Each structure stands twice: as structure tokens, then as C-alpha cells.
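K.L.:
coords please:
(chains A, B and C)
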Amino acid sequence: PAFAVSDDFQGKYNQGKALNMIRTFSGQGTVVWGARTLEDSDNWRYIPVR
Amino acid sequence: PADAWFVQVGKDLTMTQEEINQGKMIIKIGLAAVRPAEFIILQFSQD
Amino acid sequence: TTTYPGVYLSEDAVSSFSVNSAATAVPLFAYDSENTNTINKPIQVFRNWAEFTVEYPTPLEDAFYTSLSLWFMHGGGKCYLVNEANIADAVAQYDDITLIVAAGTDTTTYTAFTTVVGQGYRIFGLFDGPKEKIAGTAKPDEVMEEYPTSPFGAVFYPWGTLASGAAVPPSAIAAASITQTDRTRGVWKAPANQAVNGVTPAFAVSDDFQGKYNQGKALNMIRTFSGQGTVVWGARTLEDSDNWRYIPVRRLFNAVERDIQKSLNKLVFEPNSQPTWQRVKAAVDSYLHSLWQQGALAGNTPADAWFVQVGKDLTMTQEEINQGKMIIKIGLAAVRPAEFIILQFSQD
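P.N.:
Numbering: from 1, shown residues only, chains lettered A, B, ... in the order given. This is the structure:
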């Protein structure tokens, strides 16, 4: 990743829409992170259930 | 799993007479899907 | 909130409670502020014999010196010594003081005593008997009115003169009986058969002058016997009342609540909910039940030997809940001291 992003700038953009930044950890490295569609709706969040 | 879905098709619960006579058939289902466990909180207690 | 994806965590919030027991004897000692052979610091905060002796290596004969000698002869505790001018002050401060002695100091003492009980700070003071030798031919009550009536106190006449040294007020002397009472067993036991050591009463009093002054008020002379020597004798508060005679049953409720009222100070500003109310009830009863199975309080099936009640309408109804107020109430069976003994024969 160009950027090792955050937890809070991560966390504060978890809502609203579908930012879904891709964050490197320990163990898991450069792993994908967060699953959500554009609407934060009870029918449609969570891209696989869409 | 007939709770985890349902399914229904008939003569009048679905697709009544004249639209059968119009050729149309309609069906319908609805179902229980999984949801991804995105968040994790956990609770302690000393009982 | 649960903002980013990942692992959040919660715990348990609030727990139970119980009361923390007691001290049962924190006496301040009646320092005389006019007195000079002494520290003219009014309030002396004293722990044991050692710092006393680094304060007084000096064998005095004034009664407080004879007190702490006698007091720490019985062990003794962290006991204080304030003047006759600063009674209420440290009582408003130190929050532990259980006992108030009379070191022959009465005049401002009784007023300051009846001052603080005029705001009622849950203490048991105790006074001196008159100095010497009521003739007893007459005059039966006119030796008593000099002492304020209260459910809090007695005088213990004979002026146990402590033949090693100076004449000691039995306020100091009977406290030693209590000192070996709580150390022996608690407060509901009456310190009425603890024998003290090396102290001689000025007077070997009577049985009848004893017996005729057993009533009215709380003379409670301290009489030497055989076997038991110079032992304390008679337990009764100032009023001869069915609620209050028998100083430990007064001192029981003097001790029954200062633990509790202290303990629940942490528990205000709390949501006055029903599951609060039952939970509060759940802690006390067992502590009572222990204390009942201690035999401190009398009565079988001990929810007979007490009761306890708190709710929404049996106690603390709606608008005063809406006023924030909660009220509770209990009542209970206590022991009473078997002071008297008669016994009946029959040939059947």
C-alpha cells in the first residue's frame, strides 16, 4: 500500500459509504479490510450478501 | 431451511386467473442469509 | 460505538457491597486545657504506649496520665486526648470516636456532650461518679441531676483510687473493662464481669445502697468481691426505660449502623430501580445472619429476629422517588442482659 492508513481515519470512514481501505497488519500482511456497499442500509451493506 | 427460505407458487397464492389467461406466471420466495461478523465486542463478568 | 471493523470489548460494570465492621473503642481522653504539667496542645493524637512514653517518660499523677497508664496497661488502642474546649471539632473530623471519658471534667464537658447529641453523632460517652462517700441516709436523687440525662452514659461511682498511685476516675477504669471486652467478645456482651488489675476502689460500697441506687439512673458502682476482684458491676443507661436500659443493647444500635451509614455513601446517585432495591436487601440480611449466628442479636428463625422491608410502595412511594428520596426500614430482636437472677424451688 502507498499508505499505512489508520484505525480511526479508518474507523470514521467505515460509515456513510464504502471506503474500505486496505491495511497492512502484522501476521496478515497488506490484507484487505472492511466489507460494505455504498449504501449503509439494512438490506445492503456487506458486499457478499449483496 | 424452509424457514431459512420460503417458496410459494400456485394458482391463487401466486399467479391468478386472468394473468394466467394473459400467459403470465409469477412466483416469489424470500430467505434467511448469513451476515458477515464484521464487528467484535466481548463482555467480561466475575460471577 | 463500534466504528472501525474489529475487536471491541466490554466488561462487568458494578458489583455488590457489604459493610466494614468497626473500631468499637476510640476514646478521646478528657484533657484539661487549663492544666499545665502537660502539653498545652489541646488535642493529642495517640497510638500506643511508646509515643506516649516518648511524650511522657515523666510519671505524672494527674488523672489522664493515670488513665493512659491504666489504659495501655490493658493493651489500649489508638486513643486520643483533646481538651475540654475542642470536643465537637475532631468528632466532626475524625469519624471514629466511640468513647468519651470523664477525667474529672464535667461542666463544659456535659454541655459539649449534650451539644453533639443535640445533633446526634452516634457516640457513647460515659461520666464520673461523684467524688466521695454519699452518706446514703437520705438524698437519693440529688446526686444525679448534675449529669445530663441521655441514653448515652453512666457514672460508675466509687473512684477507684488505684492504690499504686492517684485516685482514678472510673471512667478510665471501666473503659479497661471494655478494653478487655471487645477484645474478648464484641459489644453486645456487657462489660460487667471483667475484673481490673491493681486498682483499688476508694470505697467498698454496699449491697443495698448499691441496690437502692440500681434504679432511677445509671449509678453502676464498681464493687470488689471475692474471686472476682474490684470488678465492674451493674449495666444500665441513664433512663430506666424499656427501650434503653442495659448499655450494650444501647451500644449495639450505637454500633449497628455507623458501619452501614458509612458503607453506603459510595452508593448514592444511582438509578433508583427495583433491581437496585432487592439487591441492597440481599447484602444486609446475611451480615445480620452472621451477626445473629454470632449470637450478638437474639431470636430464632432470624427473619423473625429481624425484619427488613424495602420496595416501591411498602417503602418509598412515587413522588418522593420522584423527589429522589428512598426510605427503608427494619426492626429486630436483640438480646437482653440477664442482670437479675431469681430461682424457684419445689418438692414434688
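K.L.:
chain neighbours aside, what residue packs nearest to the residue in chain A that chain B sits nearest to?
P.N.:
Minimum separation of chain A from chain B (C-beta to the nearest C-beta) falls at residue A:46, amounting to 4.9 Å. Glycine gets a C-beta too; all of them are placed from N, C-alpha and C. Here the nearest residue to residue A:46 in space, its sequence neighbours aside, is residue B:36; by C-beta to C-beta, 6 or more residues apart in numbering or on different chains that works out to 4.9 Å.
K.L.:
wait, what's in contact with that neighbour?
P.N.:
Going by C-beta atoms under 8 Å, 6 or more residues apart in numbering or on different chains, residue B:36 touches A:35, A:46, A:48-49.
K.L.:
cutoff 10 Å now
P.N.:
Taking C-beta atoms under 10 Å, 6 or more residues apart in numbering or on different chains as the criterion, residue B:36 is in contact with A:35-36, A:45-49, C:5.
K.L.:
for it, helix, strand, or coil?
P.N.:
Using DSSP: H, G, I helix; E, B strand; the rest coil, the structure places residue B:36 in coil.
K.L.:
quote the end-to-end distance of stretch A:30-44.
P.N.:
The straight-line separation of the ends of stretch A:30-44 (C-alpha to C-alpha, to the nearest Å) is 26 Å.
K.L.:
apologies, that question was intended for stretch A:41-50.
P.N.:
Taking C-alpha to C-alpha, stretch A:41-50 runs 11 Å from one end to the other.
K.L.:
from the chain's centre, how far out does it sit?
P.N.:
13 Å (C-alpha atoms, centre = their mean, to the nearest Å).
K.L.:
what does stretch A:14-24 give?
P.N.:
3 Å.
K.L.:
now do the same end-to-end measure for that stretch.
P.N.:
Using C-alpha to C-alpha, the span of stretch A:14-24 from its first residue to its last is 17 Å.
K.L.:
got it, and stretch A:27-43?
P.N.:
33 Å.
K.L.:
likewise stretch A:38-50?
P.N.:
Stretch A:38-50: ends 11 Å apart by C-alpha to C-alpha.
K.L.:
how far out from the middle of the chain is it?
P.N.:
On C-alpha atoms, centre = their mean, the centre of stretch A:38-50 falls 13 Å from the chain's centre.
K.L.:
what's the answer for stretch A:20-29, then?
P.N.:
11 Å.
K.L.:
same check, this time on stretch A:11-19
P.N.:
On C-alpha atoms, centre = their mean, the centre of stretch A:11-19 falls 7 Å from the chain's centre.
K.L.:
what does stretch A:8-22 give?
P.N.:
Using C-alpha atoms, centre = their mean, the offset of stretch A:8-22 from its chain centre is 5 Å.
K.L.:
what about it, start to end distance?
P.N.:
Start-to-end, stretch A:8-22 (C-alpha to C-alpha) is 14 Å.
K.L.:
over to stretch A:16-32?
P.N.:
Note: stretch A:16-32 ends 19 Å apart using C-alpha to C-alpha.
K.L.:
just stretch A:36-46 next, same as before
P.N.:
So stretch A:36-46: terminal residues 4 Å apart, C-alpha to C-alpha.
K.L.:
what do you get for stretch A:13-29?
P.N.:
Termini of stretch A:13-29 sit 21 Å apart (C-alpha to C-alpha).
K.L.:
just stretch A:6-26 next, same as before
P.N.:
Note: stretch A:6-26 ends 14 Å apart using C-alpha to C-alpha.
K.L.:
likewise for stretch A:18-27?
P.N.:
25 Å.
K.L.:
please apply the same query to stretch A:25-39.
P.N.:
For stretch A:25-39, the end-to-end distance is 27 Å (C-alpha to C-alpha).
K.L.:
chain center to that stretch: distance?
P.N.:
5 Å.
K.L.:
then stretch A:5-25?
P.N.:
5 Å.
K.L.:
what's the end-to-end length of that stretch?
P.N.:
11 Å.
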